[PDB]
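**Student:** Have a look at this one.
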Amino acid sequence: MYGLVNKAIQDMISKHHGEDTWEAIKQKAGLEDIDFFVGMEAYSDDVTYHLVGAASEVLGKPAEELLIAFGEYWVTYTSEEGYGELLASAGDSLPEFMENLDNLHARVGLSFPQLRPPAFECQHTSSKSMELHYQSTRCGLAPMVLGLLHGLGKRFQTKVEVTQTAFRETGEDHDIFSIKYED
Ligand code: HEM
Ligand code: NA
């Protein structure tokens, strides 16, 4: 993934746990040779997976729990590190934002030519609920989607309840989430 993602991981870990913990995690991930991440440069996805696994080991937390935390963090991180207007352009409610997500990633994709973005499709079931179909070239990031939705909830001052109904890992075509939202 692009360096931006790995910077945000470092920033979250450093902020919550301090630089020493960050360095420990970086070392264990086998990434000691990397002085700093370059935001607009493409990295092997392995770099990201190794960081997550190392953080799980070091922090004594399941990787999936860390991914949820990271997903929430990304919503704030992007808004503060150069993508605030882009986020604002994607709308001012949860359902519109999720409708705009592929188009938001297409706009990101202009600047990041090699982007492999997720694909999100909404099926609105009522004015307070929807099914979200998440499709990806990558394994294991459904929990991040969970954190992202909660971050979007805080963003739009909207209560959200998210339940995964289909799992790409457990022999299903793709991840599907049931979302209830009020506001
Ligand atoms: C302006 C805000 C955002 C920017 C700049 C951004 C950019 C990116 C970038 C660079 C990646 C890595 C993909 C790659 O390197 O190939 C990524 C991945 C991802 N993004 Fe976004 N993103 C933004 C907002 C969001 C939001 C609000 C969501 C909420 C669902 C989201 C969902 C995801 C997911 C689930 C991935 C994992 C990659 C995958 O599933 O294959 N992003 N994004
Ligand atoms: Na989709």
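Convention: chains lettered A, B, ... in structure tokens order; per-chain residue numbering from 1; ligands numbered from 1 as shown.
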Using only C-alpha atoms and all ligand atoms, tabulate the residues of chain A lying at most 10 Å from any atom of ligand 2, each with its closest atom pair and that distance in Å to one decimal, by chain and increasing residue number, as CSV.

**Tutor:**
```
residue,atom,partner,partner_atom_place_in_ligand_line,distance
A:102,CA,ligand 2,1 (Na),8.6
A:118,CA,ligand 2,1 (Na),7.6
A:119,CA,ligand 2,1 (Na),4.3
A:120,CA,ligand 2,1 (Na),3.7
A:121,CA,ligand 2,1 (Na),4.2
A:122,CA,ligand 2,1 (Na),7.8
A:132,CA,ligand 2,1 (Na),7.8
A:133,CA,ligand 2,1 (Na),4.9
A:134,CA,ligand 2,1 (Na),4.8
A:135,CA,ligand 2,1 (Na),4.8
A:136,CA,ligand 2,1 (Na),8.1
A:174,CA,ligand 2,1 (Na),8.4
A:175,CA,ligand 2,1 (Na),9.1
A:176,CA,ligand 2,1 (Na),9.2
```

**Student:** Please find the residues contacting ligand 1 at a distance of at most 7 Å between atoms, with only C-alpha atoms and all ligand atoms counted, and report them as a PyMOL selection string.

**Tutor:** chain A and resi 1-2+4-5+42+75+78-79+83-84+86-87+101+105+108+112+114-118+135-138+141+144-145+148-149+152

**Student:** Go ahead and write the selection's residues with C-alpha atoms as a PDB file, in the first residue's frame.

**Tutor:**
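Okay, out39.pdb is ready:
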```
ATOM      1  CA  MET A   1       0.000   0.000   0.000  1.00  0.00           C
ATOM      2  CA  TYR A   2       1.053   3.631  -0.362  1.00  0.00           C
ATOM      3  CA  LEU A   4       0.563   7.217   3.698  1.00  0.00           C
ATOM      4  CA  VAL A   5      -1.111   4.132   5.196  1.00  0.00           C
ATOM      5  CA  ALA A  42       4.086   2.534  -3.109  1.00  0.00           C
ATOM      6  CA  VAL A  75     -10.986   9.126   9.230  1.00  0.00           C
ATOM      7  CA  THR A  78      -6.798  11.846   6.350  1.00  0.00           C
ATOM      8  CA  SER A  79      -8.849  14.921   7.307  1.00  0.00           C
ATOM      9  CA  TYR A  83      -7.474  15.327   2.522  1.00  0.00           C
ATOM     10  CA  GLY A  84      -9.943  17.395   4.554  1.00  0.00           C
ATOM     11  CA  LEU A  86     -11.719  15.806  -0.361  1.00  0.00           C
ATOM     12  CA  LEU A  87     -13.541  14.225   2.603  1.00  0.00           C
ATOM     13  CA  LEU A 101     -16.839   6.266  -1.592  1.00  0.00           C
ATOM     14  CA  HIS A 105     -11.216   6.746  -4.158  1.00  0.00           C
ATOM     15  CA  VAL A 108      -7.571   9.774  -4.673  1.00  0.00           C
ATOM     16  CA  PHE A 112      -1.934   7.933  -6.435  1.00  0.00           C
ATOM     17  CA  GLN A 114      -1.028   2.825  -8.618  1.00  0.00           C
ATOM     18  CA  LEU A 115      -3.884   2.802  -6.067  1.00  0.00           C
ATOM     19  CA  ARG A 116      -5.762  -0.474  -5.525  1.00  0.00           C
ATOM     20  CA  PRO A 117      -8.845   0.931  -3.801  1.00  0.00           C
ATOM     21  CA  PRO A 118     -11.637  -1.042  -2.116  1.00  0.00           C
ATOM     22  CA  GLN A 135     -14.976  -5.900  -2.188  1.00  0.00           C
ATOM     23  CA  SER A 136     -11.210  -5.914  -2.127  1.00  0.00           C
ATOM     24  CA  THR A 137      -8.091  -7.307  -3.785  1.00  0.00           C
ATOM     25  CA  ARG A 138      -6.800  -7.868  -0.232  1.00  0.00           C
ATOM     26  CA  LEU A 141      -9.331  -5.826   6.261  1.00  0.00           C
ATOM     27  CA  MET A 144     -10.804  -1.885   9.410  1.00  0.00           C
ATOM     28  CA  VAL A 145     -14.087  -1.207   7.547  1.00  0.00           C
ATOM     29  CA  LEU A 148     -13.999   3.344   9.481  1.00  0.00           C
ATOM     30  CA  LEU A 149     -17.781   3.256   9.756  1.00  0.00           C
ATOM     31  CA  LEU A 152     -17.680   8.266   9.902  1.00  0.00           C
TER      32      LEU A 152
END
```

**Student:** Among segment 6-42 of chain A, which ones does DSSP place in alpha helix (DSSP H), written as a list in words?

**Tutor:**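 Residues meeting the alpha helix (DSSP H) criterion: residues 6, 7, 8, 9, 10, 11, 12, 13, 14, 15, 16, 17, 18, 19, 20, 21, 22, 23, 24, 25, 26, 27 and 28 of chain A.
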
**Student:** Hey, can you spit out that residue selection with N, CA and C atoms as a CSV table (one decimal), in the first residue's frame?

**Tutor:**
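result_0.csv was written with the following content:
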```csv
chain,number,residue,atom,x,y,z
A,6,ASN,N,1.1,3.4,6.0
A,6,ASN,CA,2.1,3.0,7.0
A,6,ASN,C,2.5,4.2,7.9
A,7,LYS,N,2.5,5.4,7.4
A,7,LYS,CA,2.7,6.6,8.2
A,7,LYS,C,1.6,6.7,9.3
A,8,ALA,N,0.4,6.5,8.9
A,8,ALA,CA,-0.7,6.6,9.8
A,8,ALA,C,-0.7,5.5,10.9
A,9,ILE,N,-0.3,4.3,10.5
A,9,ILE,CA,-0.1,3.3,11.5
A,9,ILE,C,1.0,3.7,12.6
A,10,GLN,N,2.1,4.2,12.1
A,10,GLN,CA,3.2,4.7,12.9
A,10,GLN,C,2.7,5.8,13.8
A,11,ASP,N,2.0,6.7,13.2
A,11,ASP,CA,1.5,7.9,14.0
A,11,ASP,C,0.5,7.5,15.1
A,12,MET,N,-0.4,6.6,14.8
A,12,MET,CA,-1.4,6.1,15.8
A,12,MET,C,-0.6,5.3,16.9
A,13,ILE,N,0.3,4.4,16.5
A,13,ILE,CA,1.0,3.7,17.6
A,13,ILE,C,1.9,4.6,18.4
A,14,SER,N,2.6,5.5,17.8
A,14,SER,CA,3.4,6.5,18.5
A,14,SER,C,2.6,7.3,19.5
A,15,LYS,N,1.4,7.8,19.0
A,15,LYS,CA,0.6,8.7,19.8
A,15,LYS,C,0.0,7.9,21.0
A,16,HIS,N,-0.5,6.7,20.8
A,16,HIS,CA,-1.1,5.9,21.9
A,16,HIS,C,-0.1,5.3,22.8
A,17,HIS,N,1.0,4.9,22.3
A,17,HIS,CA,2.0,4.0,23.0
A,17,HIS,C,3.4,4.5,23.2
A,18,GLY,N,3.7,5.6,22.5
A,18,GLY,CA,5.0,6.2,22.5
A,18,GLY,C,6.0,5.7,21.5
A,19,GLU,N,7.0,6.5,21.3
A,19,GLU,CA,8.1,6.2,20.3
A,19,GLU,C,8.8,4.9,20.6
A,20,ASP,N,9.0,4.6,21.8
A,20,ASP,CA,9.8,3.4,22.2
A,20,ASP,C,9.0,2.1,21.7
A,21,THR,N,7.7,2.1,22.0
A,21,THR,CA,6.9,1.0,21.6
A,21,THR,C,6.8,0.9,20.1
A,22,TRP,N,6.8,2.1,19.4
A,22,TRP,CA,6.8,2.1,18.0
A,22,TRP,C,8.0,1.5,17.4
A,23,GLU,N,9.2,1.9,17.9
A,23,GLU,CA,10.5,1.3,17.5
A,23,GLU,C,10.6,-0.2,17.7
A,24,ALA,N,10.1,-0.7,18.8
A,24,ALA,CA,10.0,-2.1,19.1
A,24,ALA,C,9.2,-2.8,18.1
A,25,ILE,N,8.0,-2.3,17.8
A,25,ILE,CA,7.1,-2.9,16.8
A,25,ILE,C,7.8,-2.8,15.4
A,26,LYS,N,8.4,-1.7,15.0
A,26,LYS,CA,9.1,-1.6,13.7
A,26,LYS,C,10.2,-2.7,13.6
A,27,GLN,N,10.9,-2.8,14.7
A,27,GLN,CA,12.0,-3.8,14.7
A,27,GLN,C,11.5,-5.2,14.5
A,28,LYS,N,10.5,-5.6,15.3
A,28,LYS,CA,9.9,-6.9,15.2
A,28,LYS,C,9.3,-7.2,13.8
```

**Student:** If you run DSSP on this backbone, which residues of segment 28-167 of chain A come out as strand (DSSP E or B), and could you give them as a tab-separated table (two decimals) with C-alpha atoms, in the first residue's frame?

**Tutor:**
```tsv
chain	number	residue	atom	x	y	z
A	42	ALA	CA	4.09	2.53	-3.11
A	119	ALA	CA	-15.02	-1.13	-3.88
A	120	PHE	CA	-18.15	-0.32	-1.85
A	121	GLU	CA	-21.74	-0.78	-2.91
A	122	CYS	CA	-24.81	0.32	-0.93
A	123	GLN	CA	-28.25	-1.25	-0.79
A	124	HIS	CA	-30.51	1.06	1.16
A	125	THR	CA	-33.15	-0.91	3.04
A	126	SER	CA	-34.74	2.08	4.79
A	129	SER	CA	-30.47	1.30	7.45
A	130	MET	CA	-28.42	-0.17	4.60
A	131	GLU	CA	-26.44	-3.19	3.46
A	132	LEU	CA	-22.82	-2.37	2.54
A	133	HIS	CA	-20.96	-4.64	0.11
A	134	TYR	CA	-17.22	-4.39	0.50
A	135	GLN	CA	-14.98	-5.90	-2.19
A	159	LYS	CA	-25.07	6.67	15.90
A	160	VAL	CA	-24.12	3.59	13.89
A	161	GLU	CA	-24.56	-0.11	14.58
A	162	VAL	CA	-22.62	-2.36	12.23
A	163	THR	CA	-22.98	-6.11	12.00
A	164	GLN	CA	-21.12	-8.27	9.50
A	165	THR	CA	-23.48	-10.76	7.82
A	166	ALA	CA	-21.13	-12.27	5.20
```

**Student:** I'd like the interatomic distance between atom CA of residue 172 of chain A and atom CA of residue 64 of chain A, to a tenth of an Å.

**Tutor:**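 Taking atom CA of residue 172 of chain A and atom CA of residue 64 of chain A, their separation equals 18.9 Å.
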
**Student:** Could you tell me how far atom CA of residue 39 of chain A sits from atom CA of residue 98 of chain A, in Å to one decimal place?

**Tutor:**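 Going from atom CA of residue 98 of chain A over to atom CA of residue 39 of chain A, I get 24.7 Å.
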
**Student:** Grab the atom CA of residue 56 of chain A to atom CA of residue 30 of chain A distance for me, in Å with one decimal place.

**Tutor:** 14.3 Å

**Student:** Which residue out of A:61, A:167, A:3, A:181 has the minimum interatomic distance to residue 93 of chain A when only C-alpha atoms are used?

**Tutor:**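 Checking each candidate against residue 93 of chain A, we get A:181 as the closest.
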
**Student:** Could you check which of A:65, A:97, A:37, A:29 is closest to residue 50 of chain A, using only C-alpha atoms?

**Tutor:** A:29

**Student:** Taking 4 positions as the minimum chain separation for residues in the same chain, which residues sit within 7 Å of residue 72 of chain A when counting only C-alpha atoms? Answer as a ChimeraX atom specification.

**Tutor:** /A:68,147-148,150-151

**Student:** Would you put the residues from that selection into a file with N, CA and C atoms, as an mmCIF file, in the first residue's frame?

**Tutor:**
```
data_model
loop_
_atom_site.group_PDB
_atom_site.id
_atom_site.type_symbol
_atom_site.label_atom_id
_atom_site.label_comp_id
_atom_site.auth_asym_id
_atom_site.auth_seq_id
_atom_site.Cartn_x
_atom_site.Cartn_y
_atom_site.Cartn_z
ATOM 1 N N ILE A 68 -9.657 -2.322 13.802
ATOM 2 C CA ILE A 68 -10.825 -1.498 14.131
ATOM 3 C C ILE A 68 -10.385 -0.113 14.605
ATOM 4 N N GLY A 147 -14.098 -0.138 11.878
ATOM 5 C CA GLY A 147 -13.615 1.083 12.514
ATOM 6 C C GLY A 147 -13.889 2.337 11.697
ATOM 7 N N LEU A 148 -13.767 2.211 10.375
ATOM 8 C CA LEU A 148 -13.999 3.344 9.481
ATOM 9 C C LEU A 148 -15.428 3.835 9.610
ATOM 10 N N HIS A 150 -17.400 3.549 12.135
ATOM 11 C CA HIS A 150 -17.589 4.216 13.416
ATOM 12 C C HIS A 150 -16.966 5.606 13.418
ATOM 13 N N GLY A 151 -15.821 5.752 12.748
ATOM 14 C CA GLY A 151 -15.218 7.061 12.556
ATOM 15 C C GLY A 151 -16.108 8.006 11.751
#
```

**Student:** Can you work out which one of A:96, A:33, A:85, A:169 has the shortest atom-to-atom distance to residue 143 of chain A, counting only C-alpha atoms?

**Tutor:**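 Using only C-alpha atoms, residue 143 of chain A sits closest to A:169.
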
**Student:** Determine, counting only C-alpha atoms, which protein, DNA and RNA residues have an atom within 8 Å of an atom of residue 52 of chain A; residues of the same chain fewer than 2 positions away are not included. Present the result as a list in words.

**Tutor:**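 Residues meeting the cut-off are residues 48, 49, 50, 54, 55, 56, 63, 66 and 67 of chain A.
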